[PDB]
Every structure is written in C-alpha cells, then in structure tokens.
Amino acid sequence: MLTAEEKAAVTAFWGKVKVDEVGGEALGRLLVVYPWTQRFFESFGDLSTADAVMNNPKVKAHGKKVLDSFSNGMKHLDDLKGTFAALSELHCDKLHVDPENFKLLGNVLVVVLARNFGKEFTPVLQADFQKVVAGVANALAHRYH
C-alpha cells in the first residue's frame, strides 16, 4: 500500500469527509454516469432521470453504507483483501457485479471528493487516493481472480 507519510495525509483528509453527503453523491453519479449500473438497484424505485436518481432515498441511504464500508477500508490499508473478503463474495456470488464496475465507483468517488473539496484535494492527495480506491477495487475483485 502506502508509505507512513501517505497514510497520515490520507487519514487526515478523510476525517474532513461528510460520509452521508459523499456516499449519496457517489452512488448517485455511478447510476447516472454508468446507467447500466441501475440494473443492480432496480428495486430502488424511479431512476429514469438524473434528478430522480440523486433525489432517490434508497440510493442515498445505500451510498452512505458504501462509504462507511470505505471508511472501514481506510482503517485497514495493509489488509484490504481480508477486510473486503465477505463483500467480495457477496458482490460476486449473489449480485454478479462485473469487477470493472468496482473501478468505476472508485473513480466516481475521487471525482466527488474533488468536487466537494476543490483546491484542497491536491494532485498529491488525489494520487494517494487513486492507490486506495484501486486497492479496494482489487480486494473486491479477489473472488474471480
């Protein structure tokens, strides 16, 4: 994973993150930007417009749980594989989500952080977060590869 100075910068940034706002936003934009992802959330209600998706109460509530899951990941950066093993099996065996989609959500989350923090989400910070989301994506992909 990351050097000790890196984890430090990354942890300290992460304490700034409003997980409610950011998780609702990220899951929302996943379903708007990559619209096929809506298939996996079909019971959530109307997702036919961008506003419908971002206003959707179940999308917000689930995006919040996704980010809590990520927040948990942030505490175990040397053991993402073990941390995410149960979720890896869930998304593979029960949800049949193609693992390409894990990288897409990770990237969408980075875009959301940038939108929410501007200048403060510096290129160095973003680079470290790229390493984090790629590590989470790979951990979640482990029960295929």
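Residue numbers here begin at 1 and follow the sequence given. Superpose the two forms; the largest set of C-alphas matching within 1.5 Å is the rigid core.
In summary, of the stretches 123-131 and 18-26, 18-26 shows the greater Cα distance from the shown form in 8 other deposited structures of this protein, with structures fitted on the rigid core. Between 73-81 and 100-108, it is 73-81 that carries the larger average Cα temperature factor according to the deposited entry. The PDB entry reports B-factors from which the mean C-alpha value can be compared for 7-15 and 127-135; the larger average falls on 7-15. Across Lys94, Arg39, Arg29, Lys58, the entry's maximum B-factor at the CA atom is seen for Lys94. Sort the chain's modelled residues by C-alpha temperature factor and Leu67 lands in the middle third, per the entry. Sorting the modelled residues of the chain by their CA temperature factor places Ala52 in the middle third.
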